[PDB]
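Structure file my_file_9.txt (compact mmCIF, N, CA and C atoms and all ligand atoms) follows.
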```txt
# COMPACT_ATOMS: atom_id res chain seq x y z
N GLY A 715 0.86 -1.22 0.00
CA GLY A 715 0.00 0.00 0.00
C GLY A 715 0.88 1.25 0.00
N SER A 716 1.23 1.74 1.16
CA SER A 716 2.09 2.96 1.22
C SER A 716 3.51 2.58 1.64
N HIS A 717 4.41 3.53 1.66
CA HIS A 717 5.81 3.23 2.05
C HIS A 717 6.11 3.80 3.45
N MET A 718 5.35 3.40 4.43
CA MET A 718 5.58 3.92 5.81
C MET A 718 5.77 2.76 6.79
N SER A 719 6.53 2.97 7.83
CA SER A 719 6.76 1.88 8.82
C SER A 719 6.87 2.46 10.23
N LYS A 720 6.20 3.55 10.50
CA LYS A 720 6.27 4.16 11.86
C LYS A 720 5.18 5.22 12.03
N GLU A 721 3.94 4.81 12.12
CA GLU A 721 2.85 5.80 12.30
C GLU A 721 1.53 5.09 12.65
N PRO A 722 1.53 4.43 13.79
CA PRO A 722 0.31 3.71 14.24
C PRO A 722 -0.70 4.71 14.82
N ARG A 723 -1.10 5.67 14.03
CA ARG A 723 -2.05 6.70 14.55
C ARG A 723 -3.50 6.21 14.44
N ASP A 724 -3.98 6.02 13.24
CA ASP A 724 -5.39 5.56 13.07
C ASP A 724 -5.65 4.30 13.92
N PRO A 725 -6.83 4.24 14.50
CA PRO A 725 -7.19 3.06 15.33
C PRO A 725 -7.43 1.84 14.45
N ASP A 726 -8.11 2.01 13.35
CA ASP A 726 -8.35 0.86 12.43
C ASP A 726 -7.01 0.21 12.06
N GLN A 727 -6.02 1.00 11.77
CA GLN A 727 -4.69 0.44 11.43
C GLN A 727 -4.02 -0.14 12.68
N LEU A 728 -3.92 0.64 13.72
CA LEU A 728 -3.30 0.14 14.97
C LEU A 728 -4.09 -1.06 15.51
N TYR A 729 -5.36 -1.11 15.22
CA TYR A 729 -6.19 -2.25 15.71
C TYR A 729 -5.54 -3.58 15.32
N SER A 730 -5.57 -3.92 14.06
CA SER A 730 -4.95 -5.20 13.63
C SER A 730 -3.44 -5.18 13.90
N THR A 731 -2.83 -4.02 13.86
CA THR A 731 -1.37 -3.94 14.14
C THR A 731 -1.08 -4.61 15.48
N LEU A 732 -1.84 -4.29 16.49
CA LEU A 732 -1.66 -4.94 17.81
C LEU A 732 -2.13 -6.39 17.72
N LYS A 733 -3.23 -6.62 17.06
CA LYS A 733 -3.73 -8.02 16.90
C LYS A 733 -2.61 -8.92 16.38
N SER A 734 -1.87 -8.44 15.43
CA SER A 734 -0.74 -9.25 14.89
C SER A 734 0.32 -9.46 15.97
N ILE A 735 0.66 -8.42 16.67
CA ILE A 735 1.66 -8.56 17.76
C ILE A 735 1.15 -9.53 18.81
N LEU A 736 0.02 -9.24 19.39
CA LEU A 736 -0.56 -10.16 20.41
C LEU A 736 -0.72 -11.56 19.81
N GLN A 737 -1.20 -11.64 18.60
CA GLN A 737 -1.36 -12.98 17.96
C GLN A 737 -0.03 -13.73 17.98
N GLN A 738 1.05 -13.04 17.71
CA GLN A 738 2.38 -13.70 17.73
C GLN A 738 2.82 -13.94 19.18
N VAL A 739 2.69 -12.95 20.02
CA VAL A 739 3.08 -13.12 21.44
C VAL A 739 2.37 -14.34 22.03
N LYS A 740 1.19 -14.63 21.57
CA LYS A 740 0.44 -15.81 22.09
C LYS A 740 0.98 -17.09 21.44
N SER A 741 1.28 -17.04 20.17
CA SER A 741 1.81 -18.25 19.48
C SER A 741 3.32 -18.40 19.72
N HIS A 742 3.95 -17.37 20.23
CA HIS A 742 5.42 -17.46 20.48
C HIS A 742 5.74 -18.59 21.45
N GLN A 743 6.82 -19.29 21.23
CA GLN A 743 7.20 -20.39 22.16
C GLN A 743 7.23 -19.87 23.60
N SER A 744 7.72 -18.67 23.79
CA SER A 744 7.78 -18.10 25.16
C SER A 744 6.54 -17.26 25.45
N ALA A 745 5.48 -17.89 25.86
CA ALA A 745 4.24 -17.13 26.17
C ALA A 745 3.25 -18.00 26.94
N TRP A 746 3.73 -18.89 27.76
CA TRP A 746 2.80 -19.76 28.56
C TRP A 746 2.36 -19.04 29.84
N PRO A 747 3.33 -18.54 30.57
CA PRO A 747 3.05 -17.91 31.88
C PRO A 747 2.13 -16.71 31.72
N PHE A 748 1.97 -16.22 30.52
CA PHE A 748 1.09 -15.05 30.29
C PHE A 748 -0.25 -15.54 29.74
N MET A 749 -0.25 -16.66 29.06
CA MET A 749 -1.53 -17.21 28.53
C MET A 749 -2.50 -17.46 29.69
N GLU A 750 -2.04 -18.13 30.72
CA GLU A 750 -2.91 -18.38 31.90
C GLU A 750 -2.66 -17.31 32.97
N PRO A 751 -3.72 -16.77 33.50
CA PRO A 751 -3.57 -15.75 34.56
C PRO A 751 -2.96 -16.38 35.81
N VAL A 752 -1.90 -15.81 36.29
CA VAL A 752 -1.24 -16.38 37.50
C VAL A 752 -2.01 -15.95 38.75
N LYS A 753 -2.48 -16.90 39.51
CA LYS A 753 -3.22 -16.56 40.76
C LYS A 753 -2.35 -15.68 41.66
N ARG A 754 -2.76 -15.49 42.89
CA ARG A 754 -1.95 -14.65 43.82
C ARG A 754 -1.24 -15.54 44.84
N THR A 755 -1.01 -16.78 44.49
CA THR A 755 -0.32 -17.70 45.44
C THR A 755 0.71 -18.56 44.72
N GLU A 756 0.31 -19.25 43.68
CA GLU A 756 1.28 -20.11 42.94
C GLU A 756 2.57 -19.35 42.62
N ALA A 757 2.52 -18.05 42.58
CA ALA A 757 3.75 -17.27 42.28
C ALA A 757 4.43 -16.82 43.58
N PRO A 758 5.74 -16.74 43.54
CA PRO A 758 6.50 -16.30 44.74
C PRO A 758 6.06 -14.89 45.15
N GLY A 759 4.98 -14.79 45.87
CA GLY A 759 4.47 -13.45 46.26
C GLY A 759 4.11 -12.67 45.00
N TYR A 760 2.85 -12.45 44.77
CA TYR A 760 2.44 -11.73 43.54
C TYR A 760 1.66 -10.46 43.88
N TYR A 761 0.63 -10.59 44.67
CA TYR A 761 -0.17 -9.39 45.05
C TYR A 761 0.71 -8.30 45.66
N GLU A 762 1.88 -8.66 46.13
CA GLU A 762 2.77 -7.64 46.75
C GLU A 762 3.71 -7.02 45.71
N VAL A 763 4.60 -7.80 45.15
CA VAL A 763 5.56 -7.23 44.16
C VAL A 763 4.82 -6.72 42.92
N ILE A 764 3.69 -7.29 42.59
CA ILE A 764 2.96 -6.81 41.39
C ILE A 764 1.88 -5.81 41.77
N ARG A 765 2.00 -4.61 41.30
CA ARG A 765 0.97 -3.57 41.61
C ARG A 765 -0.02 -3.46 40.45
N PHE A 766 0.34 -3.94 39.29
CA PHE A 766 -0.58 -3.86 38.12
C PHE A 766 -0.63 -5.21 37.41
N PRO A 767 -1.32 -6.15 38.01
CA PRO A 767 -1.43 -7.51 37.42
C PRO A 767 -1.83 -7.43 35.94
N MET A 768 -1.23 -8.24 35.11
CA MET A 768 -1.58 -8.22 33.66
C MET A 768 -1.15 -9.53 33.00
N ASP A 769 -2.01 -10.11 32.21
CA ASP A 769 -1.65 -11.40 31.54
C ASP A 769 -2.24 -11.44 30.13
N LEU A 770 -1.67 -12.23 29.26
CA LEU A 770 -2.20 -12.33 27.87
C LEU A 770 -3.67 -12.76 27.90
N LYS A 771 -4.07 -13.45 28.92
CA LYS A 771 -5.49 -13.90 29.02
C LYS A 771 -6.44 -12.70 28.97
N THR A 772 -6.02 -11.56 29.45
CA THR A 772 -6.92 -10.37 29.44
C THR A 772 -6.57 -9.45 28.27
N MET A 773 -5.35 -9.47 27.83
CA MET A 773 -4.94 -8.60 26.70
C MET A 773 -5.78 -8.90 25.46
N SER A 774 -5.64 -10.07 24.91
CA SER A 774 -6.44 -10.42 23.70
C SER A 774 -7.93 -10.19 23.97
N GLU A 775 -8.36 -10.39 25.19
CA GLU A 775 -9.79 -10.15 25.52
C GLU A 775 -10.14 -8.68 25.28
N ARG A 776 -9.21 -7.80 25.54
CA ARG A 776 -9.48 -6.35 25.31
C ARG A 776 -9.23 -6.01 23.84
N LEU A 777 -8.17 -6.52 23.28
CA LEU A 777 -7.87 -6.24 21.84
C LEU A 777 -9.09 -6.56 20.98
N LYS A 778 -9.69 -7.70 21.20
CA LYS A 778 -10.88 -8.09 20.38
C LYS A 778 -11.91 -6.96 20.34
N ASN A 779 -12.01 -6.19 21.39
CA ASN A 779 -13.00 -5.08 21.42
C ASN A 779 -12.33 -3.75 21.08
N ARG A 780 -11.21 -3.79 20.42
CA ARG A 780 -10.51 -2.52 20.05
C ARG A 780 -10.31 -1.65 21.29
N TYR A 781 -9.74 -2.19 22.32
CA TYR A 781 -9.52 -1.39 23.56
C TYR A 781 -8.18 -0.66 23.49
N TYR A 782 -7.23 -1.21 22.79
CA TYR A 782 -5.90 -0.55 22.69
C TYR A 782 -5.76 0.17 21.34
N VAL A 783 -5.99 1.45 21.32
CA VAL A 783 -5.87 2.21 20.04
C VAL A 783 -5.11 3.52 20.26
N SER A 784 -3.89 3.44 20.72
CA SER A 784 -3.11 4.68 20.96
C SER A 784 -1.62 4.44 20.68
N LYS A 785 -0.90 3.94 21.65
CA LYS A 785 0.55 3.68 21.47
C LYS A 785 1.11 3.08 22.76
N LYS A 786 1.24 3.89 23.78
CA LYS A 786 1.71 3.36 25.08
C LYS A 786 0.64 2.45 25.68
N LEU A 787 -0.58 2.55 25.22
CA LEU A 787 -1.65 1.68 25.76
C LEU A 787 -1.26 0.21 25.59
N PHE A 788 -1.16 -0.24 24.37
CA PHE A 788 -0.78 -1.66 24.13
C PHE A 788 0.67 -1.89 24.53
N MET A 789 1.54 -0.96 24.24
CA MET A 789 2.97 -1.15 24.61
C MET A 789 3.11 -1.27 26.13
N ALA A 790 2.31 -0.55 26.87
CA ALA A 790 2.38 -0.64 28.36
C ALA A 790 1.90 -2.01 28.83
N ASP A 791 0.77 -2.45 28.35
CA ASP A 791 0.25 -3.78 28.76
C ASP A 791 1.30 -4.87 28.51
N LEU A 792 1.72 -5.03 27.28
CA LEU A 792 2.74 -6.07 26.97
C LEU A 792 3.93 -5.96 27.94
N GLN A 793 4.50 -4.79 28.06
CA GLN A 793 5.63 -4.62 29.01
C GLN A 793 5.18 -5.04 30.41
N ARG A 794 3.99 -4.66 30.80
CA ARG A 794 3.48 -5.05 32.14
C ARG A 794 3.59 -6.56 32.33
N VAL A 795 3.26 -7.32 31.31
CA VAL A 795 3.34 -8.80 31.43
C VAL A 795 4.79 -9.26 31.62
N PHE A 796 5.68 -8.83 30.77
CA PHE A 796 7.10 -9.26 30.89
C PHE A 796 7.76 -8.63 32.12
N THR A 797 7.83 -7.33 32.15
CA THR A 797 8.50 -6.64 33.29
C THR A 797 7.97 -7.16 34.63
N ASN A 798 6.68 -7.21 34.82
CA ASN A 798 6.15 -7.71 36.13
C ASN A 798 6.50 -9.18 36.31
N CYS A 799 6.45 -9.95 35.25
CA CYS A 799 6.80 -11.40 35.37
C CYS A 799 8.16 -11.56 36.04
N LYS A 800 9.20 -11.11 35.39
CA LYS A 800 10.57 -11.19 36.00
C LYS A 800 10.54 -10.68 37.44
N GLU A 801 9.89 -9.57 37.63
CA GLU A 801 9.80 -8.96 38.99
C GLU A 801 9.41 -10.01 40.05
N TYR A 802 8.42 -10.82 39.78
CA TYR A 802 8.00 -11.82 40.81
C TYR A 802 8.89 -13.08 40.73
N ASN A 803 9.20 -13.53 39.55
CA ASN A 803 10.05 -14.75 39.41
C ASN A 803 11.54 -14.38 39.40
N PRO A 804 12.25 -14.77 40.43
CA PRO A 804 13.70 -14.47 40.50
C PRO A 804 14.40 -14.93 39.22
N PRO A 805 15.45 -14.22 38.84
CA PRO A 805 16.20 -14.58 37.62
C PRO A 805 16.90 -15.93 37.80
N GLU A 806 16.15 -16.99 37.91
CA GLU A 806 16.78 -18.33 38.09
C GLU A 806 16.02 -19.39 37.29
N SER A 807 14.72 -19.32 37.30
CA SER A 807 13.91 -20.33 36.55
C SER A 807 14.00 -20.09 35.04
N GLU A 808 13.26 -20.84 34.27
CA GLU A 808 13.28 -20.64 32.80
C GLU A 808 12.29 -19.53 32.41
N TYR A 809 11.33 -19.27 33.25
CA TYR A 809 10.34 -18.19 32.93
C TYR A 809 11.07 -16.88 32.64
N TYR A 810 12.12 -16.60 33.37
CA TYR A 810 12.88 -15.34 33.11
C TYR A 810 13.27 -15.25 31.64
N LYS A 811 13.87 -16.29 31.13
CA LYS A 811 14.29 -16.27 29.70
C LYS A 811 13.08 -16.11 28.79
N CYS A 812 12.01 -16.81 29.08
CA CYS A 812 10.79 -16.69 28.23
C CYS A 812 10.39 -15.22 28.07
N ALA A 813 10.23 -14.52 29.15
CA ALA A 813 9.85 -13.08 29.05
C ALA A 813 10.89 -12.31 28.25
N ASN A 814 12.15 -12.45 28.58
CA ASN A 814 13.21 -11.73 27.83
C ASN A 814 13.14 -12.07 26.34
N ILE A 815 12.94 -13.32 26.02
CA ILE A 815 12.86 -13.71 24.58
C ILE A 815 11.62 -13.09 23.94
N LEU A 816 10.45 -13.43 24.42
CA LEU A 816 9.22 -12.84 23.82
C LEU A 816 9.27 -11.31 23.92
N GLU A 817 9.95 -10.79 24.90
CA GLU A 817 10.06 -9.31 25.03
C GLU A 817 10.93 -8.76 23.90
N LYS A 818 11.94 -9.50 23.51
CA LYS A 818 12.81 -9.04 22.39
C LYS A 818 12.01 -9.05 21.09
N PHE A 819 11.38 -10.15 20.78
CA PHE A 819 10.55 -10.21 19.55
C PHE A 819 9.51 -9.09 19.57
N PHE A 820 8.86 -8.90 20.68
CA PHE A 820 7.84 -7.81 20.78
C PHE A 820 8.46 -6.48 20.34
N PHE A 821 9.54 -6.08 20.96
CA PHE A 821 10.19 -4.79 20.58
C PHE A 821 10.45 -4.76 19.07
N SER A 822 10.94 -5.84 18.52
CA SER A 822 11.20 -5.87 17.06
C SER A 822 9.89 -5.75 16.29
N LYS A 823 8.86 -6.42 16.75
CA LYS A 823 7.55 -6.35 16.04
C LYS A 823 7.07 -4.90 15.97
N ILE A 824 6.91 -4.25 17.09
CA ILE A 824 6.45 -2.83 17.06
C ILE A 824 7.38 -2.01 16.16
N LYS A 825 8.64 -2.35 16.12
CA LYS A 825 9.58 -1.61 15.24
C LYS A 825 9.15 -1.79 13.78
N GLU A 826 8.60 -2.93 13.46
CA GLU A 826 8.14 -3.18 12.07
C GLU A 826 6.77 -2.54 11.84
N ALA A 827 5.92 -2.56 12.83
CA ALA A 827 4.57 -1.95 12.67
C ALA A 827 4.64 -0.43 12.86
N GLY A 828 5.47 0.02 13.76
CA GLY A 828 5.57 1.48 14.01
C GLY A 828 5.08 1.80 15.43
N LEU A 829 4.90 0.81 16.26
CA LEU A 829 4.42 1.07 17.64
C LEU A 829 5.53 1.77 18.45
N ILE A 830 6.14 1.12 19.43
CA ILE A 830 7.23 1.78 20.22
C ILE A 830 6.71 3.05 20.91
N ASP A 831 7.23 3.35 22.07
CA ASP A 831 6.76 4.56 22.80
C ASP A 831 7.94 5.29 23.43
N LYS A 832 8.57 4.66 24.38
CA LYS A 832 9.74 5.30 25.06
C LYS A 832 9.36 6.69 25.57
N1 LIG A 901 0.54 -22.21 34.75
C1 LIG A 901 -0.08 -21.11 35.54
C2 LIG A 901 0.56 -19.83 34.99
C3 LIG A 901 2.09 -19.93 35.05
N2 LIG A 901 2.44 -20.49 36.39
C4 LIG A 901 3.07 -19.71 37.28
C5 LIG A 901 2.35 -19.20 38.38
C6 LIG A 901 3.00 -18.37 39.32
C7 LIG A 901 4.36 -18.04 39.16
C8 LIG A 901 5.08 -18.55 38.05
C9 LIG A 901 4.44 -19.39 37.11
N3 LIG A 901 5.14 -19.86 36.07
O1 LIG A 901 6.51 -19.51 35.93
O2 LIG A 901 4.52 -20.70 35.11
```
Target encoding structure tokens, full file:
Amino acid sequence: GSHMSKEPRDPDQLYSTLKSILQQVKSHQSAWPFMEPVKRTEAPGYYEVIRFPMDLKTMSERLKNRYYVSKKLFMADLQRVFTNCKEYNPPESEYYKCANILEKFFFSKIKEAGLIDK
């Protein structure tokens, strides 16, 4: 269509733009701990270290209704899942690598769609 790769302004465009990212983040090998919502016990203290609980189980649920149509909105949620994940799980299990891996692909994806916030 056009020759642009950094302007997720329109909601209709950013709509599927995030759908593709979330769609991949869900199919990504590193995306189990986010698929299922982590209770407030199975995790090494969660209600305490986590002030803004967030999981892929609720993200796609909101995306389907076009809830993320801005920039830091979707970028914040995704980061919330990875950043908060490591926060509760000490850098020792394999979950740490999963977030870092899916977090790397995510950053690259928004770079291709034009998301990114900083
Ligand atoms: N399988 C339930 C969601 C992931 N489980 C979980 C729960 C709490 C803490 C960490 C993990 N985890 O690394 O899979």
Legend entry - Env. residues ligand LIG 901 (chain A) / 6 Å / only N, CA and C atoms and all ligand atoms / as a PyMOL selection string: chain A and resi 746-748+750-753+755-758+809
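Taking atom C of residue 720 of chain A and atom N of residue 742 of chain A as endpoints, the distance between them is 24.1 Å.
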Legend entry - Separation of atom N of residue 759 of chain A from atom C of residue 735 of chain A in Å: 27.8 Å
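The coordinates place atom N of residue 718 of chain A at 20.3 Å from atom N of residue 736 of chain A.
Closest to residue 823 of chain A among A:787, A:777, A:799, A:792 is A:792, based on only C-alpha atoms.
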Legend entry - Surrounding residues of residue 725 of chain A excluding itself and chain neighbours under 2 positions, 10 Å, only C-alpha atoms, as a list in words: residues 722, 723, 727, 728, 729, 730, 731, 780, 781, 782, 783, 784 and 785 of chain A
Inset, instruction - Measuring atom to atom with only N, CA and C atoms, identify which of A:803, A:798, A:744, A:737 is nearest to residue 767 of chain A. - result: A:798
Inset, instruction - May I have the residues at most 6 Å from (6.1, -5.7, 22.7) in the file's coordinates, counting only C-alpha atoms, as a PyMOL selection string? - result: chain A and resi 789+792+817+820-821
Selection from above, N, CA and C atoms, as a compact mmCIF listing (two decimals), keeping the file's coordinate frame, can you write it?
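As a result, result-v3.txt now contains:
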```txt
# COMPACT_ATOMS: atom_id res chain seq x y z
N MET A 789 1.54 -0.96 24.24
CA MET A 789 2.97 -1.15 24.61
C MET A 789 3.11 -1.27 26.13
N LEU A 792 1.72 -5.03 27.28
CA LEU A 792 2.74 -6.07 26.97
C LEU A 792 3.93 -5.96 27.94
N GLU A 817 9.95 -10.79 24.90
CA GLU A 817 10.06 -9.31 25.03
C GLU A 817 10.93 -8.76 23.90
N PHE A 820 8.86 -8.90 20.68
CA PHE A 820 7.84 -7.81 20.78
C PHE A 820 8.46 -6.48 20.34
N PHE A 821 9.54 -6.08 20.96
CA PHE A 821 10.19 -4.79 20.58
C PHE A 821 10.45 -4.76 19.07
```
Inset, instruction - Tell me which of A:819, A:802, A:810, A:796 sits closest to residue 760 of chain A, counting all atoms listed in the file. - result: A:802
